[PDB]
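To start, the structure itself, in structure tokens.
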Number of protein chains: 4
Amino acid sequence: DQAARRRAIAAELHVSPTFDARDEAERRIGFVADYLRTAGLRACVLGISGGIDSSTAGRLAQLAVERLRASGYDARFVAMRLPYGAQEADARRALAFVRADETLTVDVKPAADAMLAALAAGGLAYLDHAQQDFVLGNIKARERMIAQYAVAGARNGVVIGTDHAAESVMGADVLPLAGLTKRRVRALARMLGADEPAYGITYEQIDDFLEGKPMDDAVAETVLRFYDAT
Amino acid sequence: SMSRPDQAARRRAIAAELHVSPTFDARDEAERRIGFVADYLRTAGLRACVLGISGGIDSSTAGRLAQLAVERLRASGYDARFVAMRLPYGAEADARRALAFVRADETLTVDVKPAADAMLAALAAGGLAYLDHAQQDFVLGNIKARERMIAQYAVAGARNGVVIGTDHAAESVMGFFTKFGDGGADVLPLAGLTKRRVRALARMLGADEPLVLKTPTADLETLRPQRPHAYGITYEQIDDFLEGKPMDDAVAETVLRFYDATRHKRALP
Amino acid sequence: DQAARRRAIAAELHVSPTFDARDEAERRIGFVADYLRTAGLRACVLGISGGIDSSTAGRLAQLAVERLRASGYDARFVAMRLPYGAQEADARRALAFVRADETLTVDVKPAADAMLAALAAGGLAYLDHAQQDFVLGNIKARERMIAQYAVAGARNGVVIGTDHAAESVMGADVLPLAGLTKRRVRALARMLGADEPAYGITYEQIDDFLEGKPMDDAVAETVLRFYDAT
Amino acid sequence: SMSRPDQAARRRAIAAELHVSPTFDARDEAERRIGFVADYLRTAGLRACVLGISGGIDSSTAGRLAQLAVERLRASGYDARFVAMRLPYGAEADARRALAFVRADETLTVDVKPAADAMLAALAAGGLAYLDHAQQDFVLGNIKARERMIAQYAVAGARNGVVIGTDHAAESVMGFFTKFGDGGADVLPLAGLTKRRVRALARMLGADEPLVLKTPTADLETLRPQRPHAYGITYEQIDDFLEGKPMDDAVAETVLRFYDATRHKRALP
């Protein structure tokens with residue numbers, strides 16, 4: 001009788017039991033468009049990492065600002081490459097798909113290393129070096145968010161987030177991927193025309209869980225454990 | 001919309017939304033905000049909390065509350081600690097005095113100027129450039145506030161703790177005007193409070209008036225709009241608004257407009 | 001740690017922890033007005049029993065149709081006396097307060113007695129006579145609803161209900177008393193200008209429960225029992 | 001609203017709202033609608049359920065399902081009974097045949113004409129009067145449907161049972177057009193079904209085609225508007241709509257309008 005939660009989580013996270021990509025694309029392009037218009041905004045901003053989630057969110061946002069400009073409402077989408085130093089063809093590939101109004105590249109390593117260094121000089125100490133790497137990984141992710149806010153604010157714009165339901169379970173201002181599962185993000189991208197680039201918990205298992213797809217009992221119990229354990 | 005609620009009615013109502021209570025007693029709001037912090041820590045498993053101490057009264061107050069909460073936890077037997085952070089932007093009297101009042105288990109001083117300056121330069125390298133003195137000021141302002149949040153999260157990460165935040169209801173309303181973000185914290189012991197209520201809480205906690213009055217640049221910068229004309233609201237007008245005190249009608253109408261424009265964007269989806 | 005439900009029920013039933021009568025009156029008059037307008041309706045309908053709940057709901061509805069007519073939108077409120085035979089000054093008193101556009105009187109006894117009689121002739125049998133009285137009480141209440149729908153339908157109108165939160169707990173189309181407690185219904189009427197006319201569970205106890213008013217522990221436990229037991 | 005969802009998309013979506021599944025298998029929708037009725041009864045403590053048998057297929061089907069549910073309950077050991085009601089308006093072949101198919105534990109015949117006629121007269125006495133032949137027809141129509149619901153509730157009251165209802169998704173959509181109410185029932189074993197799906201369920205339950213085809217006046221009256229020009233929708237158009245089958249665009253656009261106008265009034269509050 002646990003199946004009660006599963007369905008309770010999907011609804012709370014907004015996962016619909018059916019999915020049509022065309023329908024969703026249209027809906028989400030409009031969300032973004034209405035949002036910027038209603039709020040009197042002129043731009044939106046997203047870091048493009050080469051990952052499918054930001055590729056998808058970003059293409060929706062480009063299409064949104066294009067739909068607005070057709071409206072007579074002016075708006076631009078600013079794509080950001082945000083490397084940690086000289087590490088990159090995946091993001092370029094993503095860029096070639098997103099086709100953003102603008103692309104800025106901002107190196108976050110100097111800020112991230114300067115923060116780590118100041119922490120140390122300040123007497124923040126780690127039992128293990130691995131722990132320092134974990135701390136730095138999070139600094140990097142946050143520095144990447146700062147760069148995006150910096151541009152959104154200077155430009156009277158907002159930051160796009162890549163949040164979705166599969167992500168909430170497993171793992172900005174405007175979230176056009178809300179309610180989606182992982183395979184549904186992938187399918188939305190495919191239909192927009194993209195090419196074709198945990199504790200043992202997988203996205204398939206999470207997607208099944210959230211999707212109502214009849215799946216093994218044990219496994220389900222498993223996914224519910226991990227989620228509650230968070 | 002054949003419905004035309006009175007401004008006083010609209011204020012009621014926003015206030016409940018934000019958790020501003022009709023009456024306020026400082027003595028036991030203190031008692032209860034403490035316990036809240038404590039209970040949250042155990043209930044989560046956490047052993048530490050962290051806060052940047054700016055020299056300004058909200059951080060002084062949230063800070064002191066956190067130090068009393070861990071001091072309590074201990075008594076309950078459940079070990080835990082509070083890390084205050086001093087977070088200068090290079091080379092402050094206000095902060096040192098606040099620290100003296102907070103009396104944290106532990107204080108780390110972390111310079112955010114190198115990180116802040118590096119982010120600004122890399123942004124300019126990347127094309128957010130040819131900023132005039134005020135545009136750079138405004139950009140630098142947000143960066144510094146968010147770099148400070150990064151410092152607190154790192155420590156919190158390192159120590160299996162959480163970041164104490166200073167958010168309150170008056171601050172939320174200010175945010176309708178400014179749109180200043182810093183990313184947020186984990187636990188908000190000042191939630192529901194107005195600006196004068198935070199000051200009253202602090203006096204109950206033993207803060208002296210000089211401490212109450214301190215306004216560091218780091219707090220002042222957060223009251224500015226995103227970029228550099230802006231309707232100038234004061235916290236005193238916001239407090240009067242939320243507390244339902246007699247005040248200026250035009251002023252109160254402005255605040256409604258701003259809350260309205262915000263209420264929508266949250267509707268969308 | 002049960003206080004969890006109490007607050008959960010009040011929210012689900014829509015009870016606000018504060019209350020201003022003027023504010024509520026205004027809000028509820030507008031609800032009714034918008035409703036009839038948005039739906040292209042021309043009338044609304046309520047049985048006036050002399051009880052405070054229907055007095056209150058009805059006066060709000062009269063004020064609503066008056067606010068619409070000031071708008072240039074035409075609408076009428078039809079008050080109904082619905083006696084069970086020659087039984088009545090309480091309803092007349094209520095009527096004098098409601099001041100409805102129209103008042104119809106419809107005797108429900110003949111329909112109610114004809115239904116009871118047909119049931120009997122049909123072989124519906126009761127172990128006790130008391131049980132027949134209970135069955136008839138419900139027939140009467142339902143016949144009263146039919147009379148109201150009959151008029152709402154013939155007139156392109158709708159039926160006003162008297163539902164509120166205290167009522168849901170303890171015990172139409174448009175419900176202008178939704179979210180209210182019993183003492184708040186009484187206070188709304190007082191301010192509109194009305195004169196001044198269970199298993200041991202009372203309205204005070206329910207109102208306290210739903211209102212967050214700090215009240216005795218036991219009692220609270222009691223009210224929660226009765227509600228769940230339903 | 002920079003969002004312009006496709007009609008096919010809008011149909012998807014309404015359909016899920018109403019619980020019309022994408023595929024339908026009659027054999028096990030039957031199995032599962034039965035169990036549902038049963039489990040509801042125990043879970044509530046109830047020992048009886050009741051339904052007016054009109055001669056028409058929705059009541060024939062909901063009826064049969066109820067009789068199998070109690071027959072099951074018994075097996076589960078948990079005693080219970082089904083009371084079918086024949087509810088003539090005075091002085092019908094359709095109903096008697098339906099009853100023969102339902103094979104209820106028990107049947108009561110209750111004449112609703114005396115009650116209906118008494119309500120109409122008292123309404124006229126009270127001022128709903130000088131009705132022309134069609135206005136009286138339309139008024140009488142609602143009264144009769146609701147008097148029938150009263151009969152079922154009385155029995156249900158008397159027997160610590162619940163009233164089985166015939167509501168389904170196609171009926172809900174019809175209601176956007178007609179606005180016909182009867183007050184509702186307690187347990188809706190046909191919920192989520194379209195009109196053709198109810199017919200398919202009935203055939204699975206063993207109904208013969210002649211039974212499937214019967215349309216008593218009592219069912220026909222429920223498809224009319226409140227008063228006596230109305231856009232004429234058919235159940236076949238509604239079914240095509242909800243099931244997402246190829247169909248007329250104009251037609252489907254009408255149905256959207258009507259569902260829209262309804263979606264709002266429910267928003268208000």
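To be explicit about the labels: the chains of the structure tokens are called A, B, and onward in the order shown, and within each one the residues are counted from 1, while ligands get numbers from 1 in the order they are shown.
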
Taking 6 positions as the minimum chain separation for residues in the same chain, which residues sit within 8 Å of residue 62 (chain A) when counting only C-alpha atoms? Answer as a compact mmCIF listing (two decimals) with N, CA, C and O atoms, in the first residue's frame.
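selection-v6.txt was written with the following content:
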```txt
# COMPACT_ATOMS: atom_id res chain seq x y z
N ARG A 76 16.46 39.16 -25.57
CA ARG A 76 17.62 38.42 -26.05
C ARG A 76 17.94 37.25 -25.13
O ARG A 76 17.65 37.29 -23.94
N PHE A 77 18.54 36.20 -25.67
CA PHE A 77 19.00 35.12 -24.83
C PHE A 77 20.52 35.12 -24.86
O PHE A 77 21.12 35.11 -25.94
N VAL A 98 21.96 25.23 -29.81
CA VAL A 98 21.13 26.25 -29.14
C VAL A 98 20.93 27.47 -30.02
O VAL A 98 19.84 28.05 -30.04
N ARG A 99 21.98 27.83 -30.77
CA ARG A 99 21.96 29.01 -31.65
C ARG A 99 21.50 30.29 -30.96
O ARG A 99 20.60 30.99 -31.42
N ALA A 100 22.17 30.62 -29.86
CA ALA A 100 21.80 31.73 -29.00
C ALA A 100 22.07 33.07 -29.65
O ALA A 100 23.01 33.21 -30.46
N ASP A 101 21.27 34.06 -29.27
CA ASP A 101 21.49 35.45 -29.68
C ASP A 101 22.92 35.85 -29.38
O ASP A 101 23.57 36.51 -30.18
```

Enumerate as a tab-separated table (two decimals) with N, CA and C atoms, in the first residue's frame the residues belonging to chain B that approach chain A to within 7 Å, with only C-alpha atoms taken into account.
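Dumped to out18.tsv:
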```
chain	number	residue	atom	x	y	z
B	108	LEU	N	35.88	32.43	11.86
B	108	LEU	CA	36.87	32.41	10.78
B	108	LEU	C	36.78	33.73	10.04
B	109	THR	N	37.95	34.29	9.72
B	109	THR	CA	38.04	35.49	8.90
B	109	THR	C	38.49	35.06	7.53
B	110	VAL	N	37.64	35.33	6.53
B	110	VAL	CA	37.91	34.97	5.15
B	110	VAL	C	37.72	36.20	4.26
B	111	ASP	N	38.79	36.57	3.54
B	111	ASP	CA	38.80	37.70	2.61
B	111	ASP	C	38.14	37.30	1.30
B	112	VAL	N	37.06	37.99	0.96
B	112	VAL	CA	36.32	37.70	-0.28
B	112	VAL	C	36.74	38.62	-1.44
B	114	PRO	N	39.71	38.85	-3.09
B	114	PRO	CA	40.35	38.17	-4.23
B	114	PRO	C	39.37	37.42	-5.15
B	115	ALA	N	38.37	36.80	-4.56
B	115	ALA	CA	37.45	36.01	-5.34
B	115	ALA	C	36.53	36.97	-6.10
B	116	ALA	N	35.98	37.93	-5.37
B	116	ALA	CA	35.11	38.94	-5.98
B	116	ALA	C	35.80	39.61	-7.17
B	118	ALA	N	38.36	38.71	-8.96
B	118	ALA	CA	38.61	37.73	-10.02
B	118	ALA	C	37.37	37.44	-10.85
B	119	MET	N	36.20	37.42	-10.20
B	119	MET	CA	34.96	37.18	-10.93
B	119	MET	C	34.62	38.38	-11.80
B	122	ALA	N	37.06	38.43	-14.83
B	122	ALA	CA	36.72	37.38	-15.80
B	122	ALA	C	35.42	37.70	-16.51
B	123	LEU	N	34.50	38.37	-15.83
B	123	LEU	CA	33.26	38.80	-16.50
B	123	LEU	C	33.57	39.84	-17.57
B	126	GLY	N	35.08	38.40	-20.50
B	126	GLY	CA	34.11	37.61	-21.24
B	126	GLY	C	33.12	38.47	-21.97
B	127	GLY	N	33.21	39.79	-21.76
B	127	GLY	CA	32.36	40.74	-22.48
B	127	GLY	C	31.41	41.61	-21.65
B	139	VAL	N	27.50	45.96	-10.13
B	139	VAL	CA	27.88	44.61	-10.44
B	139	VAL	C	28.72	44.05	-9.33
B	143	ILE	N	28.15	40.57	-6.61
B	143	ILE	CA	29.19	39.53	-6.59
B	143	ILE	C	29.71	39.27	-5.19
B	146	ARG	N	27.34	37.46	-2.97
B	146	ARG	CA	27.20	36.03	-3.29
B	146	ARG	C	28.49	35.27	-3.00
B	150	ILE	N	29.02	31.93	-0.64
B	150	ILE	CA	29.91	30.81	-0.99
B	150	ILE	C	30.83	30.44	0.18
B	154	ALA	N	30.82	26.73	2.00
B	154	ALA	CA	32.01	25.90	2.03
B	154	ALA	C	32.30	25.40	3.43
B	157	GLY	N	29.64	22.99	4.35
B	157	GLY	CA	29.92	21.75	3.69
B	157	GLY	C	30.96	20.99	4.45
B	158	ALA	N	32.08	21.62	4.67
B	158	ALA	CA	33.17	21.02	5.38
B	158	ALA	C	32.82	20.44	6.73
B	226	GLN	N	19.21	46.39	-8.86
B	226	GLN	CA	20.19	45.63	-9.61
B	226	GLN	C	21.21	46.44	-10.38
B	227	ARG	N	20.77	47.54	-10.97
B	227	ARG	CA	21.66	48.41	-11.70
B	227	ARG	C	21.23	49.83	-11.48
B	265	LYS	N	4.36	36.82	-11.18
B	265	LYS	CA	5.43	36.04	-11.73
B	265	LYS	C	5.60	34.72	-11.05
B	268	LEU	N	2.84	32.11	-12.69
B	268	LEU	CA	3.53	31.44	-13.77
B	268	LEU	C	4.62	30.62	-13.11
B	269	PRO	N	4.68	29.33	-13.40
B	269	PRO	CA	3.85	28.70	-14.41
B	269	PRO	C	2.42	29.20	-14.42
```

### Task
Write out as a VMD selection string all residues of region 2-60 of chain D that backbone DSSP assigns to helix (DSSP H, G or I).
chain D and resid 7 to 17 26 to 44 57 to 60

Would you return as a compact mmCIF listing (two decimals) with C-alpha atoms, in the first residue's frame the members of region 30-156 of chain D that DSSP assigns to strand (DSSP E) on this structure's backbone?
```txt
# COMPACT_ATOMS: atom_id res chain seq x y z
CA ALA D 48 -26.18 -1.93 1.05
CA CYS D 49 -26.11 0.03 -2.14
CA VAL D 50 -29.00 1.38 -4.19
CA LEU D 51 -29.64 2.34 -7.83
CA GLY D 52 -32.59 3.48 -9.98
CA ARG D 81 -26.95 -6.35 -0.59
CA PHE D 82 -27.94 -4.40 -3.71
CA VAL D 83 -31.34 -2.75 -4.01
CA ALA D 84 -32.43 -1.96 -7.59
CA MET D 85 -35.25 0.57 -7.88
CA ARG D 86 -37.83 0.89 -10.59
CA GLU D 106 -33.95 -6.84 -4.43
CA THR D 107 -36.22 -4.52 -6.42
CA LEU D 108 -38.52 -1.78 -5.15
CA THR D 109 -40.99 -0.05 -7.44
```

#### Entry: Selection: 6 Å around region 30-34 of chain B, only C-alpha atoms, excl. self and same-chain fewer than 6 positions, as a ChimeraX atom specification
/B:65,69,189

### Message
Need to verify the contact set: region 2-8 of chain B, 7 Å, only C-alpha atoms, exclusion of same-chain residues closer than 2 positions in sequence. Can you return it as a PyMOL selection string?
### Response
(chain B and resi 10-12) or (chain C and resi 23+26-27+30-31+33-34)
